[PDB]
Amino acid sequence: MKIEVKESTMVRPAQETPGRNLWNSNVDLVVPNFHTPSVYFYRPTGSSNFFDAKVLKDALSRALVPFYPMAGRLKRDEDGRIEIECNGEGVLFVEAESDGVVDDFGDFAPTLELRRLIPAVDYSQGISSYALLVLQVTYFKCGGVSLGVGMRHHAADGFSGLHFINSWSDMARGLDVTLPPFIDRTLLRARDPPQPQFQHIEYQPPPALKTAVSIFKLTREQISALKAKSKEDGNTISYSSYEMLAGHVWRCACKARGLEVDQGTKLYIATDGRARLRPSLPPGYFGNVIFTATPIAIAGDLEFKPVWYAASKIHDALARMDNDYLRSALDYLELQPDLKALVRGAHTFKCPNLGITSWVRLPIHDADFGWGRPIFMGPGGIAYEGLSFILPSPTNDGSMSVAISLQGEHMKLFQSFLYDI
């Protein structure tokens, strides 16, 4: 499957935008230090002007007027901190053709095959030399299309990126942007002086020991059945589908990995601070408001207790994540010497430990540019074992799908355990 670049533009805002030097909070600086990749796939509609680039490019340029930081570049500040120069240099838009078709990607498992579909960024020339956001519309043999997104997280978290993608697709449909972005990260400034309240386990090195990527579809009644297992072993505290699913995945990975009985295991969970901070942040707050919950347990108890035990540990971790907790996080990070030296990585999620993020409440299928919603949206290829995502169905079937990253040997097992509901 060959893929060729036909056009490549650096698209800037459709009119002048405020030059601004835009500060980052600690949580805007503890980021995945590359481009976080997403993919969308779209079926042909028969339409003769299906995913027209002139239309897309014009709308992106317009979208970039309210979301101007997105055209910016990283710059180092005087104390030497990463900020965002809003200089309006623009967003990279690539038009590419493939000799193959959309279904050659199958169930759309986030193998690093998908990486071909997001533009590849060269980091070798310094922070200021690459776009904060890169985009590729790929056109296939039988009229299929894909849109690849690489967004540098110093700009915004997934919540905000989605807000930008959707806005853009609304401008491509002559619709007015319903939610203006609010642009000022100092709402997440640390207290003066910083005075943390908790250890902040999330930022500690995890427990130590003593690649294949698959997607798994779970039906609404399967999920429903799982929720019921909350009622097993005489427990009244009832847990959400999310809690029962995430802890089902956790036990399963653990079990599949044949971890020692006494082996400690820590689960990372992305958390949107938006709903929980006080005073709560303006609607349309542009940037990162993602914190981390990290339950720990013993591989044995996760394995030998009912699924609700695992779910309980998750519930507890997320419960604790209130304003006072989040405020302290920001403080704790202020005291740390090297923030860059404190980000996730292959090392983090290497067996025994795990990460689970859910997209189920995010508008991942809202990206319609005038030719219908995606048939699939998902992560643009996982790098290394330990990661999984929970994905909401694009269909009306109420199902959910688990993409996960394990070792070749463990996977075969993990599938086997997962459907043992």
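So basically every Cβ, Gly included, is an ideal-geometry build from the backbone, and we count neighbours across all protein chains shown. What follows draws every value from the coordinates through simple rules; no lab data is involved.
The table below lists the values:
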read-out	value
Dimensions in Å of segment 149-299 - Rg and Dmax from alpha carbons	20.1, 59
Simple spin-label estimate for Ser393 and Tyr419 in nanometres, 7 Å along Cα-Cβ	1.6 nm
Per-pair calculated FRET efficiency, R0 = 22 Å: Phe34 and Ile3 via Cβ, rounded to 0.05	0.60
Mean Cα-pair separation over length for segment 1-205, i.e. relative contact order, pairs under 8 Å, 6 or more apart, %	31 percent
Span per principal axis, largest first, for the Cα atoms of segment 1-205 (Å)	61, 43, 34
Distance in nm between pseudo-label sites at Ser124 and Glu260 (7 Å out along the Cβ direction from Cα)	4.4 nm
Low-density loop cleavage sites - trypsin sites (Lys or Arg not before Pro) in segment 121-200, where at most 16 other Cβ are within 10 Å (DSSP)	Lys141, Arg173, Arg189, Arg191
Average projected area [Cα convex hull, segment 371-421], square nanometres	4.7 nm²
Trypsin sites (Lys or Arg not before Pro) restricted to segment 53-120 and DSSP loop, no more than 14 other C-beta within 10 Å	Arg81
Subset of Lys266/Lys340; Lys6/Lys57; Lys231/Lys266; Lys229/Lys255 violating a 23 Å alpha-carbon distance limit	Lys231/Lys266
Antiparallel bridges, percent of DSSP beta bridges restricted to segment 210-421 (to nearest 5)	75 percent
Calculated [θ] (222 nm, deg cm²/dmol) that DSSP helices of n ≥ 4 give over the chain, each run adding -39,500 (n - 2.57)	-7000 deg cm²/dmol
For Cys142, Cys252, order by how many other beta-carbon atoms lie within 10 Å, fewest first	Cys142, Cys252
Global size of segment 291-342 as Cα Rg and Dmax, reported in angstrom	14.7, 42
Cα Rg, Dmax, segment 210-421, angstrom units	17.9, 55
Whole-number D in µm² s⁻¹ for the chain, Kirkwood Cα-pair radius fed into Stokes-Einstein, 25 °C, 0.890 mPa s	109 µm²/s
Segment 252-326, Cα convex hull volume normalised per residue, Å³	100 Å³
Simple spin-label estimate for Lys217 and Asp366 in nanometres, 7 Å along Cα-Cβ	2.6 nm
Estimated FRET transfer efficiency when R0 is 56 angstrom, pair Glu78-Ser238 (beta carbons, to 0.05)	0.60
Efficiency of FRET between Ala14 and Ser224 - r from beta-carbon atoms, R0 45 angstrom, step 0.05	0.40
